[PDB]
Amino acid sequence: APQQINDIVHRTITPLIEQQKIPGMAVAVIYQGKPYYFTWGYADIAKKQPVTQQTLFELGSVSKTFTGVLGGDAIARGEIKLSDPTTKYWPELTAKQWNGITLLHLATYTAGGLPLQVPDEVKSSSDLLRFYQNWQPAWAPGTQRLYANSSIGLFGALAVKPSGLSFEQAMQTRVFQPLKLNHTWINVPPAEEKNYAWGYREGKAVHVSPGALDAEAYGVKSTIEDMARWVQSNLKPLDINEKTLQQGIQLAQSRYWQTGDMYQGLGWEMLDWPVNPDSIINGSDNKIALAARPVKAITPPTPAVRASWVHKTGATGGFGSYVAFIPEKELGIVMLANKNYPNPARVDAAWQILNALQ
Ligand SMILES: Cc1oc(C)c(S(=O)(=O)N[C@@H]2CCOc3ccc(F)cc32)c1C(=O)O
């Protein structure tokens, strides 16, 4: 790697790892379209296994970017439309509060207050139906944004129904395989367990637990190499040969709603570049990112703006991840760690690195 990339990365990440006590970390910088990789520390403390470019990390909510792109692919395939009512794909959803709630509302957290978490009590398909039938919106559709697994998770499950495929099968065949993400998984195979890092929470080794809509909302595990490739694909959709996936990537970066300085895409979130760093940094703190906020509709949605800071934070109980990229500069970063450390620290480090290279 160019010494300039080496210098800013090490000068930024070394202090970060010490201040946050991160056991292991992998970082990729995409610079003029080329990836450069960095690793530190331990994938497994107990067995002294180092983090490598093949270590799998839990992406948590960065998984929602794969869900949003897979949904965009279904749109491009003509299988679903964002302007279609939720009940078109779940007719058993007969409760009257669902009138007027479209797939767009589900994909973008604007259904009217769907909860952040699906309740642990919810498991079976009939358990989920009962949960959404009984749910009472606090707001009319399309008026407030409340970040929610039960929202985009449902979007993901419904968006693959016309394909007839399972959500995982659709993700593998329409997103992972065409993009050569050959070490990215909803379920980690036994052959790959040697590369699966442990997450660390209060010093205990943990992996994510199964839960309703986990695949759709926080279920992807991946390597720094595949995530670099994920970033490259989202920086330059036009180089992707499968037409509907290229189009679905563009749809996931369209701007559907605005709240404050931020624009909601499908999974991805976007701000105009150049950004005020305090705006994305403080904006990422859960105090703000998880709050109920009124939204302005963007009518009709703005297509992917190349002068944007496109990003997603993501966490599990034992992992913390961040992706950000600026399509206009062919510049991006992936930060994967096996500790859940605060979002603003992630974004601040990412901004220092990317601002130095832009
Ligand atoms: C900001 C946010 O809220 C929610 C519900 C998610 S999550 O569902 O996608 N991630 C997992 C689910 C299961 O264990 C944990 C434990 C702690 C934690 F911070 C995330 C997660 C995220 C995120 O990942 O950013």
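In what follows, every heavy atom counts, from backbone to side chain, and hydrogens, waters and symmetry copies are set aside. Each residue takes its place number in the sequence, starting with 1.
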In chain order, what residues pass the side chain to side chain contact (heavy atoms under 4.5 Å, CB included) check against [X], with sequence neighbours excluded?
| X | value |
| --- | --- |
| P189 | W185, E192 |
| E79 | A74, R77, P162, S163, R174 |
| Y147 | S61, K64, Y109, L116, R145, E269, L290, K312 |
| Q177 | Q172, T173 |

Checklist entry - If you look only at pairs with a residue in residues 41-60, which of them pass as a ring pair (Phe, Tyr, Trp, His ring centres under 6.0 Å), with sequence neighbours excluded? => result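 Found none.
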How close do [X] and [Y] get, counting heavy atoms only, and between which atoms?
| X | Y | value |
| --- | --- | --- |
| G142 | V295 | O-CG2, 4.1 Å |
| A212 | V118 | CB-CG1, 3.7 Å |
| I101 | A111 | CD1-O, 3.6 Å |
| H183 | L56 | O-CD2, 3.2 Å |
| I8 | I353 | CG1-CA, 3.7 Å |
| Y341 | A337 | CE2-CB, 3.8 Å |

Is [X] salt-bridged to [Y], going by a charged N under 4.0 Å from an acidic O?
| X | Y | value |
| --- | --- | --- |
| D127 | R130 | yes |
| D84 | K81 | yes |
| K194 | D44 | no |

Can you find a side-chain donor-acceptor pair between [X] and [Y] that sits under 3.5 Å?
| X | Y | result |
| --- | --- | --- |
| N195 | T55 | no |
| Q3 | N6 | no |
| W268 | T65 | no |
| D226 | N182 | no |
| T110 | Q144 | no |

Output yes when a side-chain donor or acceptor of [X] lies under 3.5 Å from a complementary backbone atom of [Y], and no otherwise.
| X | Y | value |
| --- | --- | --- |
| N338 | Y200 | no |
| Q358 | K329 | no |
| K221 | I186 | yes |
| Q258 | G260 | yes |
| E58 | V220 | no |
| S63 | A217 | no |

Kindly assign one of parallel, tilted or perpendicular to the pair [X] and [Y], based on the angle between their ring planes and the thresholds 30° and 60°.
| X | Y | result |
| --- | --- | --- |
| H10 | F38 | perpendicular |
| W273 | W309 | parallel |
| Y196 | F319 | parallel |

Item to check | Residues clustered with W139, ILVMFWY side-chain links under 4.5 angstrom | outcome: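 Cluster partners of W139: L146.
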Item to check | All ring-ring contact (aromatic ring centres under 6.0 Å, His included) counterparts of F66, not counting sequence neighbours | outcome: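 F66 satisfies ring-ring contact (aromatic ring centres under 6.0 Å, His included) with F176, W230 only.
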Checklist entry - OH of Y263 to CH2 of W257: how many Å apart, nearest 0.5 Å? => result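 Atom-to-atom, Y263:OH and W257:CH2 are 14.5 Å apart.
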For [X], give me all partners under side-chain hydrogen bond (donor to acceptor under 3.5 Å, both in side chains), at least two apart in sequence or on another chain.
| X | result |
| --- | --- |
| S150 | none |
| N340 | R346 |
| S151 | none |
| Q53 | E225 |

Checklist entry - Out of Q246, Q253, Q247, which residue meets the side chain to side chain contact (heavy atoms under 4.5 Å, CB included) rule with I249? => result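 Passing option: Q253.
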Checklist entry - Which residues satisfy the salt bridge (charged side-chain N to carboxylate O under 4.0 Å, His left out) test with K180, sequence neighbours excluded? => result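 Result, salt bridge (charged side-chain N to carboxylate O under 4.0 Å, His left out) vs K180: none returned.
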Checklist entry - Would a 4.5 Å heavy-atom cut-off, applied to side chains only, mark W40 and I22 as touching? => result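 No, side chains not in contact.
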Next on the checklist: Please determine whether the number of non-hydrogen atoms from other residues, nucleotides or ligands lying under 6.0 Å from atom CZ of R306 exceeds 12.
Outcome noted: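 Result for CZ/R306: enclosed.
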